[PDB]
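Asks: One structure, pasted below without further comment.
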Amino acid sequence: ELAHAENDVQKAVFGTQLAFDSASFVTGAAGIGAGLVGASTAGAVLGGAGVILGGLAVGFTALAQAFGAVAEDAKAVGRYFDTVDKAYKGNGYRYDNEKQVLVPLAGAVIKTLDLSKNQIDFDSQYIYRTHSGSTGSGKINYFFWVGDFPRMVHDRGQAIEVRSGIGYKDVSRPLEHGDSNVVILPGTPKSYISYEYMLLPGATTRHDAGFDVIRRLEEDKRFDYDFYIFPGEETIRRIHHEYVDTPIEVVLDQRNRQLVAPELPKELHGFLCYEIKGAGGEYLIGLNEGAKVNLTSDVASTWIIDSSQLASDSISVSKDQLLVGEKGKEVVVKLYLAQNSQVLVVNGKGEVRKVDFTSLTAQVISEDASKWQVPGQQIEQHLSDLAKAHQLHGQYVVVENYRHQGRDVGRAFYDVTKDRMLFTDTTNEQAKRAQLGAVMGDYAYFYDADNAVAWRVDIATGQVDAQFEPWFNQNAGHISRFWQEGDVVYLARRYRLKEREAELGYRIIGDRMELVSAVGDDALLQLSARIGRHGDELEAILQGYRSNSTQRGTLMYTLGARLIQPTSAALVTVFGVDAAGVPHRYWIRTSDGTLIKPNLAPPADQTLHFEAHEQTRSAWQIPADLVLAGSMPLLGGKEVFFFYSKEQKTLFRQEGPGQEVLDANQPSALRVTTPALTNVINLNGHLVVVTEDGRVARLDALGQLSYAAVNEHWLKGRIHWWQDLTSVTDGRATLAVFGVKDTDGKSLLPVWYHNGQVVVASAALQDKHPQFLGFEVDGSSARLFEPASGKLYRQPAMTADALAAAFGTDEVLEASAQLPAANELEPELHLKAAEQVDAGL
C-alpha cells in the first residue's frame with residue numbers, strides 16, 4: 001500500500017543520480033593538497049548545513065560544475081602567460097620564409113626597431129603589487145581573519161616593473177632573417193595588469209599550459225601565485241588590462257621596403273603612436289585605423305601612404321599634418337618632412353595624389369598603375385591572423401572617463417566577450433574611482449576599497465539600483481575584502497575600536513544582506529560562554545560596537561541610495577581569543593537562539609583536569625581550523641553535532657548543543673575513531689569522509705560509517721586491484737570504483753563491485769550514466785537502469801580472467817575492449833524511475 005519503505009534490501013549508498021565523472025573529480029580533489037572541499041570561509045561550516053536533505057550525488061555535480069568553471073578561467077590565464085612567453089621567446093618576431101614578410105608576434109611589447117641595425121629594443125608590462133595584513137605572521141595571530149587575505153596594490157608607483165622574471169633579460173637582440181623585405185609594425189600597447197583570485201583545488205599542484213610562467217614570477221614577494229590559505233588553494237581567476245600610451249619608434253634604412261600598420265580590436269584604437277624615421281628612398285607606410293604616426297625624413301625622401309586599408313579614401317591637408325579616413329575618425333599623420341621630402345597618397349586602384357602644402361589640394365595624377373607596392377593578399381592574410389589573437393584574449397579592459405551619453409560615468413570595464421557591459425551608471429566623483437568586486441548574470445557588484453559603500457549595477461544597463469549599508473557606519477576601518485563564491489558574495493568589513501581592531505562578515509543573496517560572522521568582544525565572549533538565548537538581537541552586538549563612534553559617517557556619501565540593511569542568518573558564528581591560551585567559538589542558532597558549544601575531549605592518551613576558576617572552558621582548546629559539519633537527527637532524543645579539524649585530522653561528535661555552562665572537567669564532544677581521516681564532505685546535509693588510503697564511507701547519527709567506494713588514490717599503482725578490492729570491507733560490500741578510465745585516458749569507465757562480482761558498463765552504456773541494480777537470483781545477470789533512455793538492461797559479470805584480458809596492469813581499459821555487451825531486460829516499458837525494493841524492483 002502506497003510507497004514502499006522496505007528495510008533489508010541492501011540498496012547501494014550513492015543511489016540514483018551517481019555520475020562517476022563528478023564524484024571521481026570531487027573525491028580526487030578532496031584527496032590531495034590539504035584543502036577542504038565545499039567549505040564556507042566567512043561562517044565556518046561545511047556544505048551549507050542549513051540544507052539538511054537532498055540528493056547525495058547532486059552535490060558532486062554542483063561542486064564539479066563550479067570547479068570546472070574556475071578551472072577554465074585558470075587555464076585561460078595560463079594560456080595567456082604561455083602566449084606572452086612564446087612572444088618574448090624568439091625576440092618578438094618571425095620571418096615568413098615562404099612569402100617574405102616580417103610579422104610581429106602576438107604578445108610582446110617593444111620600444112623601437114633599429115631596423116638599419118636589425119636590432120630590436122624591448123619593453124616590460126607591469127603587474128600591480130601584492131599586499132596583505134599581518135595577522136598571519138603576528139598581531140592577533142591565532143584565528144584566520146576573513147579580510148586578511150592577499151590583495152592588490154592599486155597604485156602604478158609600485159608595480160613589479162619587469163618582464164625578466166619570465167626567465168631572461170636583455171636590452172636588445174639581433175633579428176635573424178628579415179631585411180630588404182616587408183614589415184608589419186607592432187600592434188599591441190603597453191599594459192598595466194590587474195588580477196583577481198579564486199579558490200581552485202589543486203592549483204598548487206596542477207601543471208597546465210603556461211602555469212610555469214606564473215610560477216616563475218611569484219618567486220618575488222611583490223607578487224604571489226601558487227599559494228595556500230586556510231579555506232584552500234587559491235588561484236588567479238582572470239586578468240584586467242589597463243593600457244598606457246605607447247610610442248613605438250621605427251628607424252628605417254636605405255632600402256625601398258614597405259611598412260603596414262595592423263588592424264586592432266575596437267578597444268585598442270589610439271593607444272599607439274609610430275615614429276617612422278629614416279633617410280632617402282621611396283618607402284610606403286601602410287595606414288590603418290586607430291593609430292597616430294609621425295614622418296621624420298629629415299635628410300631626404302619621398303614617402304608613400306596607402307589609404308586603401310582604411311574604410312574610406314577621403315583626405316585633407318594642412319601645413320603641419322594630414323588626415324585620412326572619414327567621419328572625423330581620420331588617422332592623423334604629422335608631416336615633419338624636410339629638404340622637399342613629399343608625401344604621395346595612394347588609393348586602392350588607378351590613382352595617386354600629390355599633396356600640396358601650399359595649395360592644400362590633392363591634385364590628381366595617374367602615377368599609380370605602376371607596380372609600386374606589394375599585392376594586398378599576403379598582408380591582408382597576416383592582418384587577419386593577428387586580429388584573431390587580440391580578440392581571443394577574452395579577459396577584461398579598464399576604461400577611464402567613459403562618457404556613456406555625453407555624461408562622464410568615470411571608470412568602466414569593457415567586457416571583451418560581450419556587450420560592453422559594465423560601467424557605474426551614475427556620475428559621482430567618488431564612484432568615478434569605484435572598484436569592481438563581482439559580476440553575475442546581468443548584475444554587477446562594485447565597491448569602494450576605502451569607504452563603506454557597495455552598489456548593485458547594470459540592471460538592463462538602466463539606473464543604479466541599490467546600495468548596501470553595514471550595521472555600523474560611524475567608526476574607522478574599511479571593507480577589507482570583497483569577493484564571491486558560488487553566486488553568493490561576502491563582505492569582510494574591518495572595524496577599528498579603541499580597544500581593538502575587529503571584523504564582521506556579511507553574506508548577500510538577492511535582495512538580502514545577511515550577517516554570518518562576528519568577532520565580538522571579551523565582555524560578549526565570556527557572557528556567551530554560558531547561558532544564552534537572545535532572540536531579536538545577536539548577543540547585543542549593537543551595544544558592543546556602536547558606542548565607539550569616530551565620525552566615519554562623514555564619508556557616507558549616501559548618493560540617493562535605496563538602502564538595504566543587514567538581517568541575521570541561521571548559524572551566526574562568534575569567535576575570538578578571550579585571553580591568553582583560551583580561544584572560544586560558538587554558533588548561535590538564530591532561529592531558536594541556542595548556542596552550539598564545543599566541548600572538546602583531550603587526545604585518547606591524555607586527560608586533564610583544571611581549576612574551578614578557569615572551569616568555564618572547553619577541555620581541549622578549540623583549534624584554529626575548526627568547522628561545524630552538519631548536524632543529524634539521532635532518533636534518540638537529541639540532535640547530534642559534529643566538529644572537524646583539518647590540522648588535527650579528527651572528527652568530534654557531540655549530542656545536543658552542549659551544556660548550559662561549559663565544564664572543562666568532563667568534555668562532551670567525543671573524538672570519533674576513524675582511520676587516517678583526510679577530509680570530510682557535507683552533501684545536501686549528508687556527511688562523507690575520505691580516508692588517506694582512498695576509501696569512501698557515508699556517516700550517520702550514531703557515528704557509524706558504511707564503506708561505499710574506493711578512489712583513484714586507492715587504485716593507483718596496484719597491478720591487480722580487482723584482487724585487493726576484496727580487502728576494503730569485511731564482507732557484503734557494494735562499491736563504486738571511481739578510478740577506472742576509458743581507453744582514451746580521459747573519460748571514466750563506470751565500474752561497480754558487488755558481493756565479489758565486478759560490473760563494468762560496456763561501450764553503449766558508458767555515456768548514458770549507468771545506474772546499478774542488484775543481481776538476478778541466478779547471480780550473474782546484473783540489472784542496470786539508464787534514466788535518460790528510460791530503459792532497463794542486463795549485463796554479464798566479468799571474470800578475473802576476462803578482467804586480465806580487458807585490463808593489462810592498469811586502471812585504463814585496453815583498446816582490445818573485448819567487453820561483454822548489454823541487452824535490454826524489459827523492452828516494452830519506458831520508466832520514469834527504477835529502484836530496488838525487498839520484494840524486487
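Every chain in the C-alpha cells takes a letter, A first, then B, and so on in the order presented; its residues are numbered from 1, and the ligands are numbered from 1 following the presented order.
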Near residue A:420, counting only C-alpha atoms, which residues have an atom at most 12 Å away, once you skip same-chain residues fewer than 6 positions from it, shown as a list in words?
Replies: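 The residues that qualify are residues 266, 267, 396, 397, 398, 399, 402, 404, 412, 413, 414, 442, 458 and 461 of chain A.
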Asks: Using only C-alpha atoms, which of the listed residues (A:58, A:497, A:434, A:198) sits closest to residue A:401?
Replies: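 For residue A:401, the nearest of the given residues is A:434.
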Asks: Where does DSSP see strand (DSSP E) in stretch 16-249 of chain A, if you list the residues as JSON, numbers by chain?
Replies: {"A": [93, 94, 95, 96, 101, 102, 103, 104, 110, 111, 112, 113, 114, 119, 120, 121, 122, 126, 127, 128, 130, 131, 151, 152, 159, 160, 172, 173, 174, 182, 183, 184, 190, 191, 192, 193, 194, 195, 196, 197, 198, 199, 227, 228, 229, 232, 233, 234, 235, 236, 237, 238, 239, 240, 241, 242, 243, 244, 246, 247, 248, 249]}
Asks: Excluding residue A:154 and its own-chain neighbours fewer than 4 positions away, which residues fall within 10 Å of it when counting only C-alpha atoms? Please give them as a list in words.
Replies: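 Residues near the query, excluding close chain neighbours: residues 127, 128, 129, 130, 131, 158, 159, 194, 435 and 449 of chain A.
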Asks: Restricting the output to N, CA, C and O atoms, write the selected residues as a PDB file, in the first residue's frame.
Replies:
```pdb
ATOM      1  N   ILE A 127      52.771  44.640 -13.563  1.00  0.00           N
ATOM      2  CA  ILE A 127      51.715  43.987 -12.796  1.00  0.00           C
ATOM      3  C   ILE A 127      51.683  44.597 -11.400  1.00  0.00           C
ATOM      4  O   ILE A 127      52.733  44.788 -10.778  1.00  0.00           O
ATOM      5  N   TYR A 128      50.482  44.911 -10.917  1.00  0.00           N
ATOM      6  CA  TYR A 128      50.324  45.534  -9.610  1.00  0.00           C
ATOM      7  C   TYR A 128      50.904  44.649  -8.504  1.00  0.00           C
ATOM      8  O   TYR A 128      51.011  43.426  -8.638  1.00  0.00           O
ATOM      9  N   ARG A 129      51.279  45.287  -7.396  1.00  0.00           N
ATOM     10  CA  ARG A 129      51.894  44.584  -6.277  1.00  0.00           C
ATOM     11  C   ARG A 129      50.857  43.885  -5.405  1.00  0.00           C
ATOM     12  O   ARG A 129      49.744  44.381  -5.211  1.00  0.00           O
ATOM     13  N   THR A 130      51.238  42.721  -4.883  1.00  0.00           N
ATOM     14  CA  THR A 130      50.502  42.057  -3.814  1.00  0.00           C
ATOM     15  C   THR A 130      50.751  42.737  -2.471  1.00  0.00           C
ATOM     16  O   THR A 130      51.877  43.139  -2.164  1.00  0.00           O
ATOM     17  N   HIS A 131      49.692  42.865  -1.669  1.00  0.00           N
ATOM     18  CA  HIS A 131      49.804  43.366  -0.306  1.00  0.00           C
ATOM     19  C   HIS A 131      48.808  42.614   0.572  1.00  0.00           C
ATOM     20  O   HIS A 131      47.869  41.988   0.075  1.00  0.00           O
ATOM     21  N   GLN A 158      54.030  51.540  -7.526  1.00  0.00           N
ATOM     22  CA  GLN A 158      54.676  50.317  -7.044  1.00  0.00           C
ATOM     23  C   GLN A 158      54.022  49.089  -7.675  1.00  0.00           C
ATOM     24  O   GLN A 158      53.095  48.487  -7.127  1.00  0.00           O
ATOM     25  N   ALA A 159      54.531  48.734  -8.854  1.00  0.00           N
ATOM     26  CA  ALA A 159      54.177  47.531  -9.590  1.00  0.00           C
ATOM     27  C   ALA A 159      55.459  46.776  -9.920  1.00  0.00           C
ATOM     28  O   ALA A 159      56.518  47.382 -10.106  1.00  0.00           O
ATOM     29  N   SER A 194      45.941  44.109 -13.898  1.00  0.00           N
ATOM     30  CA  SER A 194      45.270  43.775 -12.651  1.00  0.00           C
ATOM     31  C   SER A 194      45.056  42.266 -12.563  1.00  0.00           C
ATOM     32  O   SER A 194      45.159  41.542 -13.559  1.00  0.00           O
ATOM     33  N   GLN A 435      35.584  50.514  -7.509  1.00  0.00           N
ATOM     34  CA  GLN A 435      36.269  49.280  -7.867  1.00  0.00           C
ATOM     35  C   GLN A 435      35.248  48.180  -8.127  1.00  0.00           C
ATOM     36  O   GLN A 435      34.244  48.070  -7.415  1.00  0.00           O
ATOM     37  N   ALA A 449      37.182  50.648  -2.024  1.00  0.00           N
ATOM     38  CA  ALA A 449      38.173  49.996  -1.176  1.00  0.00           C
ATOM     39  C   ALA A 449      38.454  50.783   0.096  1.00  0.00           C
ATOM     40  O   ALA A 449      39.097  50.251   1.007  1.00  0.00           O
TER      41      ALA A 449
END
```
Asks: Write out as a PyMOL selection string the residues lying within 9 Å of residue A:285, counting only C-alpha atoms and excluding same-chain residues fewer than 3 positions away.
Replies: chain A and resi 258-261+276+303-306
Asks: Choose the residue, out of A:819, A:718, A:689, A:706, that has the smallest atom-to-atom separation from residue A:760; count only C-alpha atoms.
Replies: A:819
Asks: Residues at most 7 Å from residue A:317, counting only C-alpha atoms, excluding those fewer than 2 positions away in the same chain, as number ranges by chain?
Replies: A: 315, 321-323, 357, 360-361
Asks: Keeping only N, CA, C and O atoms, write the selected residues to a file as an mmCIF file, in the first residue's frame.
Replies:
```
data_model
loop_
_atom_site.group_PDB
_atom_site.id
_atom_site.type_symbol
_atom_site.label_atom_id
_atom_site.label_comp_id
_atom_site.auth_asym_id
_atom_site.auth_seq_id
_atom_site.Cartn_x
_atom_site.Cartn_y
_atom_site.Cartn_z
ATOM 1 N N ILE A 315 40.652 62.688 -47.839
ATOM 2 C CA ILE A 315 41.891 63.254 -47.320
ATOM 3 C C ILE A 315 41.746 64.765 -47.188
ATOM 4 O O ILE A 315 41.052 65.416 -47.975
ATOM 5 N N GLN A 321 50.132 68.774 -40.898
ATOM 6 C CA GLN A 321 49.587 67.434 -40.736
ATOM 7 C C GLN A 321 48.629 67.157 -41.886
ATOM 8 O O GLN A 321 48.177 68.077 -42.571
ATOM 9 N N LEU A 322 48.327 65.878 -42.088
ATOM 10 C CA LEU A 322 47.238 65.489 -42.973
ATOM 11 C C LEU A 322 46.403 64.399 -42.315
ATOM 12 O O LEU A 322 46.849 63.709 -41.396
ATOM 13 N N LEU A 323 45.173 64.260 -42.808
ATOM 14 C CA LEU A 323 44.165 63.383 -42.228
ATOM 15 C C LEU A 323 43.572 62.514 -43.327
ATOM 16 O O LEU A 323 43.294 63.003 -44.428
ATOM 17 N N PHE A 357 51.285 71.330 -49.934
ATOM 18 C CA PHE A 357 51.259 72.008 -48.642
ATOM 19 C C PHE A 357 50.843 73.467 -48.781
ATOM 20 O O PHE A 357 50.263 74.037 -47.848
ATOM 21 N N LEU A 360 46.962 73.099 -50.363
ATOM 22 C CA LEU A 360 46.069 72.233 -49.583
ATOM 23 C C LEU A 360 45.089 71.479 -50.484
ATOM 24 O O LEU A 360 43.877 71.470 -50.259
ATOM 25 N N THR A 361 45.633 70.843 -51.521
ATOM 26 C CA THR A 361 44.849 70.152 -52.535
ATOM 27 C C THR A 361 45.474 68.790 -52.810
ATOM 28 O O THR A 361 46.682 68.599 -52.647
#
```
Asks: Tell me, as an mmCIF file with N, CA and C atoms, in the first residue's frame, which residues lie within 6 Å of residue A:684, counting only C-alpha atoms; anything in the same chain fewer than 2 positions away does not count.
Replies:
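Result written to result_8.cif:
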```
data_model
loop_
_atom_site.group_PDB
_atom_site.id
_atom_site.type_symbol
_atom_site.label_atom_id
_atom_site.label_comp_id
_atom_site.auth_asym_id
_atom_site.auth_seq_id
_atom_site.Cartn_x
_atom_site.Cartn_y
_atom_site.Cartn_z
ATOM 1 N N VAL A 51 20.918 23.528 4.657
ATOM 2 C CA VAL A 51 20.286 22.484 3.858
ATOM 3 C C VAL A 51 20.552 21.130 4.501
ATOM 4 N N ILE A 52 19.486 20.370 4.742
ATOM 5 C CA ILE A 52 19.558 19.168 5.565
ATOM 6 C C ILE A 52 19.140 17.914 4.810
ATOM 7 N N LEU A 53 18.508 18.044 3.645
ATOM 8 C CA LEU A 53 18.101 16.891 2.855
ATOM 9 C C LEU A 53 18.262 17.207 1.375
ATOM 10 N N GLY A 54 18.656 16.199 0.608
ATOM 11 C CA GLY A 54 18.717 16.326 -0.834
ATOM 12 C C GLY A 54 19.440 15.140 -1.437
ATOM 13 N N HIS A 686 24.182 15.396 4.095
ATOM 14 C CA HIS A 686 24.756 14.082 4.353
ATOM 15 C C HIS A 686 26.272 14.211 4.410
#
```
Asks: Using only C-alpha atoms, determine which residues lie at most 9 Å from residue A:208, disregarding the query and same-chain residues fewer than 5 positions distant; provide the list as a JSON list (two decimals) with N, CA, C and O atoms, in the first residue's frame.
Replies:
```
[["chain", "number", "residue", "atom", "x", "y", "z"],
["A", 75, "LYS", "N", 42.89, 28.10, -16.65],
["A", 75, "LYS", "CA", 43.60, 27.67, -17.84],
["A", 75, "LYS", "C", 43.71, 28.79, -18.87],
["A", 75, "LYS", "O", 44.71, 28.89, -19.57],
["A", 78, "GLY", "N", 46.51, 30.86, -17.80],
["A", 78, "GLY", "CA", 47.74, 30.16, -18.13],
["A", 78, "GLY", "C", 48.10, 30.30, -19.60],
["A", 78, "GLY", "O", 49.25, 30.57, -19.94],
["A", 79, "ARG", "N", 47.14, 30.03, -20.48],
["A", 79, "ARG", "CA", 47.36, 30.11, -21.92],
["A", 79, "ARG", "C", 47.75, 31.52, -22.34],
["A", 79, "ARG", "O", 48.55, 31.70, -23.27]]
```
Asks: Kindly give the distance, in Å, that separates atom CA of residue A:193 and atom CA of residue A:161, rounded to a single decimal.
Replies: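 These two atoms are separated by 10.8 Å.
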Asks: Can I get the residues of stretch 366-408 of chain A within 12 Å of stretch 181-190 of chain A, each with the closest pair of atoms and their distance in Å to one decimal, using only C-alpha atoms, sorted chain first then ascending number, as a tab-separated table?
Replies:
```
residue	atom	partner	partner_atom	distance
A:373	CA	A:182	CA	10.0
A:374	CA	A:182	CA	8.5
A:375	CA	A:182	CA	11.3
A:376	CA	A:182	CA	11.8
A:378	CA	A:182	CA	10.4
A:379	CA	A:184	CA	7.9
A:380	CA	A:184	CA	10.6
A:381	CA	A:184	CA	11.6
A:382	CA	A:184	CA	8.6
A:383	CA	A:184	CA	8.5
A:386	CA	A:187	CA	8.8
A:387	CA	A:187	CA	9.6
A:389	CA	A:188	CA	10.9
A:390	CA	A:188	CA	8.6
```
Asks: For the selection you just gave me, I'd like the residues written to a file as a compact mmCIF listing (two decimals), in the first residue's frame, keeping C-alpha atoms.
Replies:
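The result, written out as part36.txt:
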```txt
# COMPACT_ATOMS: atom_id res chain seq x y z
CA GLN A 373 53.81 48.31 -53.89
CA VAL A 374 53.22 44.72 -52.80
CA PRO A 375 49.98 42.86 -53.63
CA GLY A 376 47.45 43.03 -50.82
CA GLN A 378 49.64 38.35 -48.11
CA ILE A 379 49.49 41.36 -45.78
CA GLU A 380 45.69 41.14 -45.57
CA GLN A 381 46.07 37.49 -44.53
CA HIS A 382 48.67 38.26 -41.87
CA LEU A 383 46.45 41.06 -40.51
CA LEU A 386 46.89 38.88 -35.99
CA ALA A 387 43.40 40.35 -35.50
CA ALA A 389 44.68 36.68 -31.32
CA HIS A 390 43.69 40.04 -29.80
```
Asks: With only C-alpha atoms as the atoms that count, which of A:542, A:293, A:146, A:719 lies nearest to residue A:520?
Replies: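 Nearest to residue A:520: A:542.
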